[PDB]
Amino acid sequence: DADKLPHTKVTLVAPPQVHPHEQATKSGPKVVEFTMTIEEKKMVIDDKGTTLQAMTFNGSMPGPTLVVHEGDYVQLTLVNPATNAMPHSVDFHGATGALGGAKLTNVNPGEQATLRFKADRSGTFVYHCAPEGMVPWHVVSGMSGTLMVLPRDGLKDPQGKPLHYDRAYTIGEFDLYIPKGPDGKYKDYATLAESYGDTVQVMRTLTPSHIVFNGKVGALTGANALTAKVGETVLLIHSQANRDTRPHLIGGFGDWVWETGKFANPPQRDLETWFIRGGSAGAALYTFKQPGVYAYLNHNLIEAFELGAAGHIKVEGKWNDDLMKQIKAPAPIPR
Amino acid sequence: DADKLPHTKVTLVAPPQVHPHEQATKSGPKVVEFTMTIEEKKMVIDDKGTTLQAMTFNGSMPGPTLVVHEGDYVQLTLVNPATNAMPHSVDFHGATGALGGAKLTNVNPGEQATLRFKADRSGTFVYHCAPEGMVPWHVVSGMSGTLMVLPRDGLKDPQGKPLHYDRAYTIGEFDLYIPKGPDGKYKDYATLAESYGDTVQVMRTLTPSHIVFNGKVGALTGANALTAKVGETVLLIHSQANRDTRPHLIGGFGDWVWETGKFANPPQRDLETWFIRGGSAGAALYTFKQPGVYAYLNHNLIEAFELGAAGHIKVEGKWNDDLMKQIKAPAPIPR
Amino acid sequence: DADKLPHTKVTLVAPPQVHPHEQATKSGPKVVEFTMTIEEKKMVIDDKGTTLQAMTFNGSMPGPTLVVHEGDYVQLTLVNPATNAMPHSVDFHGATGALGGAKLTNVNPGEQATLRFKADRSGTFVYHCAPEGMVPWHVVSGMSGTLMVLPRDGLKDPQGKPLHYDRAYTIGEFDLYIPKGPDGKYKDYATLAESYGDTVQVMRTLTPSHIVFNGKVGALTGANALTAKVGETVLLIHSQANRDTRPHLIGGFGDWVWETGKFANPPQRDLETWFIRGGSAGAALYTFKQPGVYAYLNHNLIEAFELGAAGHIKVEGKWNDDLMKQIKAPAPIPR
Ligand SMILES: [Cu+2]
Ligand SMILES: [Cu+2]
Ligand SMILES: [Cu+2]
Ligand SMILES: [Zn+2]
Ligand SMILES: [Zn+2]
Ligand SMILES: [Zn+2]
Ligand SMILES: [Zn+2]
Ligand SMILES: [Zn+2]
Ligand SMILES: [Zn+2]
Ligand SMILES: [Zn+2]
Ligand SMILES: [Zn+2]
Ligand SMILES: [Zn+2]
């Protein structure tokens, strides 16, 4: 079947954007070809210069989001340049068999491999590195992203009515485990290998030092805030490959949410806060009705405000007093 | 639209009670007016005299539950008396825009403000303080409660059949972060400000010292147990503004549960244990069939029994041997 | 009603197997009689000889799975031999009243008791020990298992179509709290009582030392891997009596999942990772389509790989290249 289908090649884009794609499509199934190149690198993850000996797909945390339609085949070329130190692989939660592909994509530095799998189920699915004996370290060091498999006729509400988004953003949340020295300051390592032993000790405490969206505290704030306008519906894809999170839009809602991320199930409506299980990706739609700067955050507020799991969305448009009005501004208590 | 509606004024009551209200109603939309007054105070939170430098809406943890119907407007006057030290605000998860209202309700000591918003979605929603730069501290120190927005035609099961409750109770669960001194004993602070730095250090460990319902270990036990009778349906509203919890009724069930708390979604039935995401409120209905003293608790049993996240419900009525019978009482093993 | 029904006696089997039973049945309700005998024992829980002063139903962690049909009565004889040191009891989450039965099954060493209850709701339900004042310790030391109450007409999908399994396995996941000495090595205790105080201190940190399936690191690996074949549908019952978990089948899916474990609710389809709330049991069906050795694990990968929460399923059959194909094996990057 796959050998008789047309092929297409998709160029990936850096998070938090998602590569252009159709939602409902008249196209039949295709072999959709992607390539990713692993990059190990030291990254600065907070405002006080703390560094992570990181590992990435395509130079970014998260890796890029791959979008296909249900019934397509994903054909990924995974490249591990000779400038990297470690072996890598890929486990697609959207794929059937061979440990998600990991058994077939074991690439040492200087190697590449090509895997094909049928994307037979709709949803947002995590992909991550999974090299034998080193899985949690590679994942928490940054090697995860999302595969979104759209239903061929687009998204649907619980009664089967059409849903859509006008803009998509992808948020990868990363629980980091940065070791400290005897002085209480975070350790800086010269090489990736030297970070291993100390990092495993922090991991085993189950207590992250930092929890960041898209690779660093404040990654999605200031000039790098997400953007939208009143009337626009945004899709927020949220992946967490290792630890639970509870997304929330301050002053908004999840109008329609697939917290388990699987589009053949009916979504829930009107959520204040939703739940992404560690090892999954979920998806929320929201149509903005008020302008302003929103926060999109993990609603364990310590994780958000102290540890880093928060971003901003700057929304243009006209304020609606029907929805919310300041009746009396802060003023002295009448006596 | 809102400017042409009638106004009503509601008098709030202290948890765990909820102010009188209708479920299904023939009334049209109203502007429903509430007032809350912030009180900072030192509170004793356990049986060994540990104290929390607390911050409250209306003197209680949680704050009172506010009940309206879908399509009503909530009009809250938030008062911050000059006897308090800190600025405060309110973020309603049920409200659209301006960071849930927080941008419009920033009150220094000696000030008050009035906010109106349309309650356009049914469910139980958390409200909490959210002052710039101090959000997690205010929330974990006690500044949260629930807004319940009932569907105008009352609660419905998945097939659209009517559901009801005869009595409602509101439970706010609070993960507390009380610092210790070099002797291993909990610290007592003279003022709220002096507790800040040490508390933030405990918060960042993500490990609560205590987890309490309604402000203290044992708050909902003894003379202050919740009460019901065989045949009565109770609504248990459970809010957790910062951390996940897993409610459970020992010897009972969640007959119908909205764990994400949003009434336009179908509830689940027959739950043993349900899940309240940090930053949300959920709702369970149960119709008692046996008398006795039940426990209602967070089913991480360490959190419940060691840290404080448990209460009691004392139920009157007639024992049903069909449902459960002691066939043979404890007795020596036959030999 | 119960006094006029026929009785049946079921012989329990050791996890991960489940005793033979019917799914859809033409039988009417019965009194189904079971017996369990508590065994306290020291168990080796990891590969470096760490020991747990354990407490078990029937000598195993978890206890055996009990299977009945909705409307049956469960009649359990709980025996606490005089060779044990502690009092015990049983709390069935499937039972109504008397703290799940615990008030009626309080057995000192040398005693036994018989409890009957109506299994009026379908689902997988946790049962655990719950002795007054000692509940969390008994639970985390190993005293939990699953009662599965099948609908009398078998499992159903969201449209009411029949679902089935060909094989069932039961996985109990146990968060353990093993104390350490001043040398940093795990403590070995001569008796169960001597482990108590130190264990409670570890419990209160909320950080498990180990998290194991079925009593030990690697319990469900090697010769003790679960088994299946391509085309077979397996039911995976997963219980966690104290702490949340997030099951995942690497290279598979939860085809149909009741994550809250209650069969009268519609299942979700196509899950990558699902969520078992602490204090509950859930159920997933999967039909294997590829052969190979799968991992079934908690997808907090630190919990799985570092702490022990992972097992294997070895699947026989023919590889399907349509579903997944290695297009290009690992090879040097072309230059
Ligand atoms: Cu890797
Ligand atoms: Cu405040
Ligand atoms: Cu026991
Ligand atoms: Zn081809
Ligand atoms: Zn649109
Ligand atoms: Zn995975
Ligand atoms: Zn008016
Ligand atoms: Zn009633
Ligand atoms: Zn909030
Ligand atoms: Zn009989
Ligand atoms: Zn079959
Ligand atoms: Zn229980």
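What's counted below: heavy atoms across the whole structure, side chains too, no hydrogens, waters or symmetry copies. In what follows, chains are A, B, ... by sequence order, proteins preceding strands, each numbered from 1.
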Exercise. Which answer fits A/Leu99, side chain, backbone, both or neither, if we ask what part of it has an atom under 4.5 Å from a heavy atom of chain C?
Worked result: both
Exercise. Could you state the interatomic distance from CD (C/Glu272) to OG1 (A/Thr124), rounded to the nearest 0.5 Å?
Worked result: 6.5 Å
For this session: Calculate, to the nearest 0.5 Å, the distance between atoms NE2 and CG belonging to C/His299 and A/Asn242 respectively.
Result: 8.0 Å
Seminar exercise, completed: Note: vs chain C, highest number of non-hydrogen pairs under 4.5 angstrom among A/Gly278, A/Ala113, A/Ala281 is A/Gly278
Problem set entry | C/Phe253 versus chain A, the contacting section by heavy-atom distance below 4.5 Å | side chain
Exercise. For chain C, which of A/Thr114, A/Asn80, A/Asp91 has the most heavy-atom pairs under 4.5 Å?
Worked result: A/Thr114
Problem set entry | Residue among A/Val139, A/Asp1, A/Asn106 with most heavy-atom pairs under 4.5 Å to chain C | A/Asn106
Problem set entry | Least distance between heavy atoms, A/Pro136 atom then C/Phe305 atom | CG-CB, 3.7 Å
Problem set entry | Atom group of A/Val200 that falls short of 4.5 Å from chain C, counting heavy atoms | side chain
Exercise. Chain A heavy atoms under 4.5 Å from C/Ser209: which part of the residue, side chain, backbone, both or neither?
Worked result: backbone
Seminar exercise, completed: Closest non-hydrogen contact found for C/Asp322 with A/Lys118 is O-CB, 3.7 Å
Problem set entry | Heavy-atom proximity to chain C below 4.5 Å, by part of A/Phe92 | neither
For this session: Select, from A/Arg243, A/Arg204, A/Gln240, A/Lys103, the one with the greatest count of heavy-atom pairs under 4.5 Å involving chain C.
Result: A/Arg204
Problem set entry | Parallel, tilted or perpendicular: ring planes of C/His248 versus A/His93, cut at 30 and 60 degrees | tilted
Exercise. Hey, is C/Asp255 close enough to A/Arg121 for a salt bridge, meaning N to O under 4.0 Å?
Worked result: yes
Exercise. Any idea which of A/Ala82, A/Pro81, A/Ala2, A/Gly94 has the most non-hydrogen atom pairs under 4.5 angstrom with chain C?
Worked result: A/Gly94
For this session: Please report the shortest heavy-atom distance between C/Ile327 and A/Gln75, naming the atom on each side.
Result: CG1-OE1, 3.6 Å
Problem set entry | Shortest non-hydrogen contact between C/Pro330 and A/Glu111, atoms and distance | CB-OE1, 3.9 Å
For this session: Using non-hydrogen atoms and a 4.5 Å limit, figure out which bit of C/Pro334 sits close to chain A: side chain, backbone, both or neither.
Result: both
For this session: For A/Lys156, look at atom NZ and say whether over 12 heavy atoms of other residues, nucleotides or ligands are found less than 6.0 Å away.
Result: yes
For this session: Counting only heavy atoms closer than 4.5 Å, note whether A/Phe275 contacts chain C via side chain, backbone, both or neither.
Result: side chain
Seminar exercise, completed: CG of C/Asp270 to OG1 of A/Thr260, rounded to nearest 0.5 Å, is 9.5 Å
Problem set entry | Max heavy-atom pair count under 4.5 Å with chain A, selected residue of C/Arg246, C/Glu303, C/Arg335 | C/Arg246
Exercise. Which bit of A/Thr77 comes within less than 4.5 Å of chain C, counting heavy atoms only: side chain, backbone, both or neither?
Worked result: neither
Exercise. Hey, mind stepping through A/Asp244 and C/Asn300 against side-chain contact (heavy atoms from CB on, under 4.5 Å) and telling me if it holds?
Worked result: CA-CA 8 Å; A/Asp244 304 328; C/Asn300 177 315; over 6 Å; no
For this session: Would you mind telling me which of A/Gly261, A/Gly123, A/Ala98 has the largest number of heavy-atom pairs within less than 4.5 Å of chain C?
Result: A/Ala98
Seminar exercise, completed: Interface check, chain A: of C/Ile302, C/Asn298, C/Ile250, C/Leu271, most non-hydrogen pairs under 4.5 Å belong to C/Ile302
Exercise. C/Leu206 versus A/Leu206: any side-chain heavy-atom pair under 4.5 Å?
Worked result: no
Problem set entry | Closest contact, heavy atoms only, C/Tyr294 versus A/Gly97 | OH-CA, 4.5 Å
Exercise. By a 4.5 Å heavy-atom criterion (distance strictly below it), what part of C/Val293 contacts chain A: side chain, backbone, both, or neither?
Worked result: backbone
Exercise. Between C/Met324 and A/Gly100, which heavy-atom pair has the shortest distance, and what is it?
Worked result: CE-C, 3.9 Å
Exercise. Quick one: what part of C/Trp274 sits under 4.5 Å from any heavy atom of chain A, side chain, backbone, both or neither?
Worked result: backbone
Exercise. Can any side-chain N or O of C/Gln326 pair as donor or acceptor with the backbone N or O of A/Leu104 at less than 3.5 Å?
Worked result: yes
Exercise. What residue in C/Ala295, C/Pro291, C/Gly292, C/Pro332 has the most heavy-atom pairs under 4.5 Å with chain A?
Worked result: C/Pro332
Seminar exercise, completed: OG1 (C/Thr245) and CZ (A/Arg277) are apart, to the nearest 0.5 Å, by 12.0 Å
Problem set entry | Any donor-acceptor pair under 3.5 Å from A/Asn265 side chain to C/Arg269 backbone | yes
